[PDB]
Amino acid sequence: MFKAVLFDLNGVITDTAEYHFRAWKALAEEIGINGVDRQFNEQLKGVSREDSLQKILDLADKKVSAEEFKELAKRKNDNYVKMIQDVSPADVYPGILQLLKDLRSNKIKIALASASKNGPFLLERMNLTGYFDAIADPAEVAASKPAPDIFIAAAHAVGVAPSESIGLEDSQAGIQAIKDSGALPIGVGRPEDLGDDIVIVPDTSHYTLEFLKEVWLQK
Ligand SMILES: O=P(O)(O)OC[C@H]1O[C@@H](O)[C@H](O)[C@@H](O)[C@@H]1O
Ligand code: ALF
Ligand SMILES: [Mg+2]
Ligand code: NA
C-alpha cells in the first residue's frame, strides 16, 4: 500500500492556477507580449516564478535587463498576492478536504510538493495547514519542477520513499517531476494537456482515498 500522498497546490487543492494565469497574462501584455493564452499557459503550470517569466520572454524572443527581470517577477507576484487575499476554506476544491481527513485516519502521510512560495499562506487561508505532515520549501531545492527534487524533499520530509507515494498534479512540469521522483502520478484536467499515458481524472471530486487505492492496486 502507498504510505504518502504528495500534493501540488495550484489547480489541485484550489483554483489558484487560474489566478497565476491571469496575473502572468496581465504581466506579459504590460510588456507587449500577447501570446500568453490558455494553450500557452499549459507550459507555465508547475513552473517556478522566474522560469515562468523567462518562458514568456522567450515566447517573444524578448531580452530585458537583470534589473527589469527582477522588477517584473516582483510585479507579477505583488499582483497575484493581492488576488489571493480573500481565498477561504470555501475555495478548497471538491473532494480535497475529505481526502485529507481520510488519509490521516488511515495513517497515510500528507506532504505539500508545491513550487509556490505563496503555498504556506494559501494553506492557512484555506484552514488546511493542520492536515499537512510536511511542506517542502521550494526555495530549498537546488532544482525546481520539472526536476523531481521538490517531490523527493516532500517524501523525505514525511519519512516515505517516492516509490511508496502518489503524486497529485494538474500540470506537465509537475507530472514529469513526479515521474522522475519515483512516485505514481494521478493528474487532474484534460488528457489533451496532461497526456494519455497516466491516470487522469476530470475534476478533484475523483480524488477519493477509494480511487487512489483502486489506481494503486492496478499499477
Ligand atoms: O510565484 P509562486 O507563488 O512562487 O508560484 C510558483 C509556481 O507555483 C506552481 O505551483 C504554479 O503552478 C505556477 O504557476 C507558479 O509559477
Ligand atoms: F501548481 Al504547483 F507546485 F502548486 F505546480
Ligand atoms: Mg498545479
Ligand atoms: Na486560516
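The rules we used
Residues numbered from 1 in each chain as written, not as in the entry; some residues may be left out. Chains lettered and ligands numbered in written order. Heavy atoms only, no water. Helix = DSSP H or I, 4+ residues; strand = E, 2+ residues; numbered from the N terminus. Rg over C-alpha atoms; globule rule 2.2 N^0.38 Å. Buried < 20%, exposed > 50% of the residue type's maximum accessible area, 1.4 Å probe, protein only. Contact = heavy atoms within 4.5 Å. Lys, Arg positive; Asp, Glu negative; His and termini not counted. Charge placed at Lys NZ, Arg CZ, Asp CG, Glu CD. Near = heavy atom within 4 Å. Polar contact = N/O pair within 3.5 Å; in protein donor to acceptor, adjacent residues only side chain to side chain. Areas by Shrake-Rupley, 256 points an atom, 1.4 Å probe, with all protein chains shown as cover. Nonpolar A, V, L, I, M, F, W, Y, C, P; charged D, E, K, R; others polar. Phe/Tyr/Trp six-rings, centres within 6.5 Å; stacked < 30°, edge-to-face > 60°. Domains from an automatic or database assignment. Buried area = accessible area lost by both parts, 1.4 Å probe. Donors = N, O, S within 2.8 Å, 3.2 Å for Na, K, Ca; no water.

## Some thoughts on the overall build of the protein chain
Check the secondary structure of the protein chain and you find 10 helices and six strands. Over its C-alpha atoms the protein chain spans a radius of gyration of 17 Å, differing by no more than 12% from the 17 Å that the globule rule assigns to 219 residues. Principal-axis analysis of the C-alpha atoms places the extent of the protein chain at approximately 50 × 35 × 30 Å. Within the protein chain, the proportion of its 219 residues that are buried is 48%. Excluding contacts between residues fewer than 6 apart, the proportion of contacts in the protein chain whose partners are at least 24 apart in sequence is 65%. The average position of the 25 basic charges and that of the 34 acidic charges among the side chains of the protein chain differ by 3 Å.

## A look at the site of ligand 1
Taken together, the neighbourhood of ligand 1 is formed by 16 residues, with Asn 10, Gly 46, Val 47, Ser 116 and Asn 118 sitting nearest. In the model, an oxygen atom of ligand 1 is placed 2.8 Å from a nitrogen or oxygen of the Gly 46 main chain. When ligand 1 sits alone it has 400 Å² of accessible area, and the protein chains cover 97% of it. Tallied by class, residues from the shell around ligand 1 come to three nonpolar, eight polar and five charged.

## Quick word on the packing of aromatic side chains
Under the criterion given, the structure shown has two aromatic pairs. With centroids separated by 5.9 Å and ring planes inclined at 70°, the aromatic side chains of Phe 7 and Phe 132 adopt a geometry described as edge-to-face. Separated by 125 residues along the polypeptide, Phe 7 in strand β1 (residues 4-7) and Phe 132 in the loop between α6 (119-125) and β3 (134-135) bring together distant segments of the chain. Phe 132 carries the same exposure label as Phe 7, and that label is buried.

## Here's the deal with the domain arrangement of the protein chain
Structurally, the protein chain comprises domain 1 (1-14 + 93-219) and domain 2 (15-92). Computed from C-alpha coordinates alone, the two centres of domain 1 and domain 2 are separated by 22 Å. Counting residues at the interface gives 27 residues for domain 1, matched by 22 residues for domain 2. When the buried area of domain 1 at its contact with domain 2 is split by residue, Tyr 93, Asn 118 and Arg 125 rank highest and sum to 25% of it.

## Looking at the coordination of the magnesium ion (ligand 3)
Here the magnesium ion (ligand 3) is held by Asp 8 (OD), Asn 10 (O) and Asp 170 (OD), and the distances to it run 2.0 to 2.1 Å. All donors of the magnesium ion (ligand 3) come from a single chain, and their spacing in sequence reads D-x1-N-x159-D. Of the two residues, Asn 10 is situated in the loop between β1 and α1 (16-30) and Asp 170 in the loop between β4 (165-169) and α8 (172-181); the sequence distance between them amounts to 160 residues. Given a relative accessible area of 7%, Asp 170 falls into the buried group.

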